[PDB]
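Next come the chains, spelled out residue by residue.
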There are 2 protein chains.
Amino acid sequence: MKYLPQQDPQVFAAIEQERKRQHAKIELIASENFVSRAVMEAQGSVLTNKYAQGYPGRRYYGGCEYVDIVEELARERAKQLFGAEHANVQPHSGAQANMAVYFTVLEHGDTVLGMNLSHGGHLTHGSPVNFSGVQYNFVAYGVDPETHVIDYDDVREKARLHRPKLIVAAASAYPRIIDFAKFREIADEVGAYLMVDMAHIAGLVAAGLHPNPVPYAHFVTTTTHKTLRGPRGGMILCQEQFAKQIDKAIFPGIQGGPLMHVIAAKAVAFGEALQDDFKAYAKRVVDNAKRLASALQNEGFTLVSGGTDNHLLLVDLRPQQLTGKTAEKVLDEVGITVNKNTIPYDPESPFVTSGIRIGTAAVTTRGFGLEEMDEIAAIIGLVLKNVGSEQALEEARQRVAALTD
Amino acid sequence: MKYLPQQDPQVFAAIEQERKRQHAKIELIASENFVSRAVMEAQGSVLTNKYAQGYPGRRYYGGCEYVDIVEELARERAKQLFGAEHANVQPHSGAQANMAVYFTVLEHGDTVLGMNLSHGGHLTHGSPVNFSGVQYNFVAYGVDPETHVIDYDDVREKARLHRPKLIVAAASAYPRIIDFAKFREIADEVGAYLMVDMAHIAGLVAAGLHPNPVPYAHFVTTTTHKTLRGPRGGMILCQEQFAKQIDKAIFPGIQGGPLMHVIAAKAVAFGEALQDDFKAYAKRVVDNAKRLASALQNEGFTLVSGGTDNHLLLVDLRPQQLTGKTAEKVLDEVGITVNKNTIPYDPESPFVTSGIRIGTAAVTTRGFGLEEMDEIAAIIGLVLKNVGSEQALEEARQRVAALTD
């Protein structure tokens, strides 16, 4: 940076602390990642100066010839990545991407079936304090209480009883592969649309490491950050037949002008994801998650669903008589960043929890491998098995420092 | 830029074209501006890597100590600028800022009174193709057909007849000062909340050149771009009594995690707006708009409301027997960027229009003064009075080139 340190010492000092913190800590929050310098340069571009309400070649304002090239690069690269017929790269966020799909196919008060929030479902999949739950009538399907795998007979029974206009699949804390084919079969039985929110797993999908929802879902929403390792934002994919309606839902339906500089950053990230080395990166993410899961089980930890098929894992801390809140706090003390997370059939409130959620996308981006996974699990064991020992915690702090350099 | 040109030649080539276009053209779109290099550096920062769902010191995720400093700098600087008791700097956009206020105080189907869209009202103030018009029952007040000034007796009669739960004031194409005191008196008479969307005029308000809606409105929404000259995004201001509800409407109500890098950019822009030279800048904007209005009238043009009190003006092209669409296209041919805009009681559709909208914020940022305003008006006269003369248009093209260098 050149001008910010001179113009705004206060903002610069705080950014610099944040930059140093990102390096110093072990980031295990499952939705986090580190973007390339190219992605950040695109976001820091003069494209913030351009109003581009509408769509490429169908703008409401002149002078869009070049930002049209940027948006089309983003759309076409997204279509190539996911094999989708249409892309809308304008959503400001995952939340707005979901909001727009809901606005497209639902009327106020319509019934929607989504994954139980306590079992891994997202806030925008029916929380009563979220627009989703307030605006629509959400019902929930659950995971098996033993296997913690989505109970597809429960999805079906709920769909047949409640007759939802829309079924939502996807999750913020589900460590196994989701069967989109079964979701579509159920959707078809009851005449419902299928929406898949692939925010967490989008990078894995792009690398062919998770089945692709695009052939099964009427609408696929996603963030461009998380496993996809792009800038913060949203995106909708759909078949040609829904394209005009989806575009109209984003604008003029729920947003105004798009963030063209962020759209440029999306294009960049999609370019990166189309490369072979992103495929290798994504495989290391899943390889690291399995390895981390195995090493944690070696420490004596119980994992929700007994392991992982993707980038993330959930520790059930009940055997250790610890809450997720307690675990999250003590790990913070040693430089390991997790979040407390409800587990299926959690006896504790969402504010306390019996679990912690862990993902490997961020540490994998940093170059961490299988050896590092074994060491992270060993540090987590040392800490959670010795919560009252300041000596244990200091040793952990030093081992964390050894990992981050 | 260093890494983008190597990583993504296609995206870089298009950004570079856009950068060169911004310099080469005369930007008269009233909502446009050019941000500082400090603002862009903040947006291009590693803060894109941080998930910070919740609010400063009340986050749902750890590691937010530094991004909390950034967000509080933004909130406190906004509060100082506008004399507000509370600020929410998380809205992704002006649209989402409005959406959140609506979500706070209204139920589906509630009546809302806003400015007639054909008279300068915004898309999110009741368009039937926008969430606002679909979700709520919007009624409209108008401007006087002669003076083009808001008819405050019409605001009152509409409010008394329709009994709105909320009254919205503010506009995208209204060139006179809005009387917020009268809006509040009407709101109080009928027991309605008052929302002021100050997106266009926020920089002028900050510089004390437009009356401040904060003391009169229950809720003030705004963009951080436009006259405020910040990054693209939204903000809500309100009194302490509404703070918790507004914050909850943004999250968990209508968004998820905020864009922390954009929030950093908001802080930077607010820092700039608190400086004396921003006050001088804002005065030049309004001085330039009056001067431009006067010079256009000198060319024989008719202006909506007969001039301007702010940054923007609307040309009524009916005397020249031209549509806004025609004018917009021919000005584009010579390097002058305007938008066609409906005028009050426009005989033409919103897609054709009888007007063009012009603002001075962008050219003022570039250093243009009164002399440049006289020349811009002279070029516009040459072009619109000679639409069929390629020689006139070439002369205009060269005079535009002389202005931009």
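Here is what the cut-offs are and how they apply
- Counting starts from 1 on each chain and goes along its sequence as written, which need not follow the entry numbering; residues with no coordinates are hidden.
- Whichever chain is written first is A, and whichever ligand is written first is 1; the rest continue in order.
- Where side-chain values are given, they derive from all heavy atoms of the structure, hydrogens and water being excluded.
- UniProt positions are given in the numbering used here, feature names are shortened, and annotations may be inferred rather than shown by experiment.
- Put simply, DSSP marks the helices as runs of H or I at least four residues long and the strands as runs of E at least two long, and each gets a number from the N terminus on.
- In this setup the radius of gyration rests on C-alpha atoms only. A globule is expected at 2.2 Å times the number of residues raised to 0.38.
- Here the term buried applies to any residue with accessible area under 20% of the maximum for its type, exposed to any over 50%, and partly exposed to those in between, with areas from a 1.4 Å probe on protein chains only.
- Here a residue-residue contact requires only that any non-hydrogen atoms of the pair lie within 4.5 Å.
- Here the accessible surface of atoms and residues is derived via Shrake-Rupley with a 1.4 Å probe, and residues count as covered only by protein chains that are part of the display.
- Charged residues are defined here as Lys and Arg on the positive side and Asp and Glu on the negative side; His and the ends of the chain fall outside this count.
- A charged residue contributes its charge at one atom only: NZ of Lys, CZ of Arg, CG of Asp or CD of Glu.
- Where a domain begins and ends is set by an automatic assignment or by a domain database.
- Buried area, as used here, totals the accessible surface that two parts lose on assembly, with accessibility defined by a 1.4 Å probe and the loss added over both.
- In the sections that follow, a salt bridge refers to a side-chain nitrogen of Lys or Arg positioned within 4 Å of a carboxyl oxygen of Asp or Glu.
- Three classes are used: nonpolar for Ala, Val, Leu, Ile, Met, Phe, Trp, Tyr, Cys and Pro, charged for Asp, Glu, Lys and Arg, and polar for all others, with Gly counted as polar.
- The way the copies are matched up is a least-squares superposition on C-alpha atoms.
- Under the convention used throughout, the expected extent of a helix is 1.5 Å for every residue step, that is, one less than its residue count.
- The criterion for strand pairing is that DSSP finds at least two bridges linking the strands in question.
- Lines fitted to the C-alpha atoms define the axes, with helices restricted to the stretch that makes contact. Angles between their N-to-C directions range from 0 to 180 degrees.

Its PDB header names X-ray crystallography as the technique used to obtain the model and reports a resolution of 1.86 Å.

Per the PDB entry, chain A carries the name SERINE HYDROXYMETHYLTRANSFERASE and comes from Bacillus stearothermophilus. Quoted verbatim from the Catalytic activity (unreviewed entry) field of the UniProt record, the comment on chain A reads "(6R)-5,10-methylene-5,6,7,8-tetrahydrofolate + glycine + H2O = (6S)-5,6,7,8-tetrahydrofolate + L-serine". Here chain A is described in UniProt, under the heading Cofactor (unreviewed entry), as follows: "pyridoxal 5'-phosphate".

Asks: Outline the overall build of chain A, supporting the account with residue identities and numerical values.
Replies: Along its length, chain A carries 16 helices and 15 strands. Expected size for 405 residues packed as a compact globule is a radius of gyration near 22 Å; at 22 Å, chain A falls within 12% of this value. Counting over 405 residues, chain A shows a buried share of 64%. A fraction of 71% describes how many contacts in chain A between residues 6 or more apart in sequence connect residues 24 or more apart. Taken as a whole, chain A presents about 14100 Å² of accessible surface, with 48% of it coming from carbon and sulfur. Averaging the locations of the 40 positively and 47 negatively charged side chains of chain A gives two centres separated by 4 Å.

Asks: Break down the domain arrangement of chain A for me, with residues and values.
Replies: Quoted interface sizes are often the accessible area lost when the parts come together. All names here are of chain A. Domain boundaries in chain A define domain 1 (1–32 + 284–405) and domain 2 (33–283). Averaged C-alpha coordinates put domain 1 and domain 2 at centres separated by 26 Å. Across the boundary between the two partners, domain 1 contributes 31 residues, which contact 29 residues of domain 2. Between domain 1 and domain 2, a total of about 2600 Å² is buried, with carbon and sulfur atoms accounting for 55% of that surface. Of all residues in domain 1, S305, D309 and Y345 give up the largest surface area on contact with domain 2, accounting jointly for 22% of the area buried on that side. Summed over the shared surface of domain 1 and domain 2, the number is 3 salt bridges. One salt bridge in this structure joins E32 and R232, with 3.2 Å as the shortest N-O distance. Mapped by element, the contributors of at least two residues to the side of domain 1 that touches domain 2 are helix 12 (276–298), strand 12 (312–316) and helix 14 (361–365). Grouping the constituent residues of the side of domain 1 that touches domain 2 by class yields 12 nonpolar, 12 polar and 7 charged.

Asks: Which residues make up the relation of the copies chain B and chain A, and what values do they have?
Replies: For the pair chain B and chain A, the best superposition has an RMSD of 0.0 Å and corresponds to a rotation of 180 degrees with a translation of 0.0 Å parallel to the axis. Both copies are brought into coincidence by an operation consistent with a two-fold rotation axis. It is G44 of chain B whose C-alpha, among those of chain B, lies nearest the rotation axis, at 1.8 Å. Counting the interface residues of chain B, we find that 100% of their copies in chain A are interface residues as well, pointing to one common contact surface.

Asks: Describe unusual backbone geometry, and please don't skip the residues or the numbers.
Replies: In this model, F251 of chain A is joined to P252 of chain A through a cis peptide bond whose omega is 10 degrees. By the element assignment, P252 of chain A lies in helix 10 (residues 243–254). For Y345 of chain B, which is not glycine, the phi dihedral falls at a positive 60 degrees. Mapped onto the fold, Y345 of chain B is located in the loop between strand 14 (339–341) and strand 15 (355–359). Accessibility expressed as a relative area gives 42% for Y345 of chain B, which makes it partly exposed. The phi dihedral of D405 of chain B is positive, around 85 degrees, even though this residue is not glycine. Tracing the chain through its elements places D405 of chain B in the segment after helix 16 (390–404). Looking at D405 of chain B, the relative accessible area reads 83%, which means it is exposed.

Asks: Mind laying out helix 10 of chain A, listing which residues take part and the relevant values?
Replies: All names here are of chain A. With 12 residues, helix 10 ought to run about 16 Å at 1.5 Å a step, and its terminal C-alpha atoms sit 16 Å apart, in line with that. Where burial is concerned, most of helix 10 is hidden: 9 out of the 12 residues are buried. Within helix 10, the full set of buried residues consists of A243, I246, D247, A249, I250, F251, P252, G253 and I254.

Asks: I'd like to hear about the UniProt feature "binding site: pyridoxal 5'-phosphate 3" (unreviewed entry) in chain A, residue by residue, with values.
Replies: Residues and elements named next belong to chain A. The sites that UniProt annotates as "binding site: pyridoxal 5'-phosphate 3" (unreviewed entry) are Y51, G94, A95, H122, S172, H200, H225 and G257. What stands out for the annotated residues spanning 207 residues is how far apart their C-alpha atoms range, the widest pair being 33.1 Å apart. Relative to the assigned elements, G94 resides in helix 5 (residues 94–105). With a relative accessible area of 15%, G94 lands in the buried category. Beyond its immediate sequence surroundings of up to four residues, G94 is in contact with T222, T223, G233 and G234. Residue placement: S172 occurs in the loop between strand 7 (166–169) and helix 8 (180–190). For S172, the contacting residues outside a window of four places in its chain are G120, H122, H200, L312 and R357.

Asks: Explain the sheet that holds strand 12 of chain A to me, using residue names and the numbers behind them.
Replies: All names here are of chain A. Strand order in the open sheet formed by 4 strands is 11-12-15-14, with antiparallel pairing between adjacent strands. At either margin of the open sheet sits one strand with a lone partner, and together these are strand 11 (302–303) and strand 14 (339–341). In this sheet, strand 15 (residues 355–359) lies alongside strand 14 in antiparallel orientation, the contact comprising 3 bridges. The residue of strand 15 that forms the bridge with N341 is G355. Packed onto the sheet, helix 12 meets strand 11, strand 12 and strand 15 and runs at close to 15 degrees relative to strand 12.

Asks: Can you explain the UniProt feature "binding site: pyridoxal 5'-phosphate 1" (unreviewed entry) in chain A? Please cite residues and give values.
Replies: Residues and elements named next belong to chain A. UniProt records the feature "binding site: pyridoxal 5'-phosphate 1" (unreviewed entry) for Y51, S93, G94, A95, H122, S172, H200, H225 and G257 in the present numbering. When you line up the elements, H122 lands in the loop between strand 5 (111–115) and helix 6 (131–135). Residues in contact with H122, not counting those within four places in the same chain, are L117 and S172. Positionally, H225 belongs in the loop between strand 9 (219–223) and strand 10 (234–238). Its relative accessible area of 10% is what places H225 among the buried residues. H225 has contacts with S31, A199, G230, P231, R232 and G233, leaving out every residue within four places of it along the chain.

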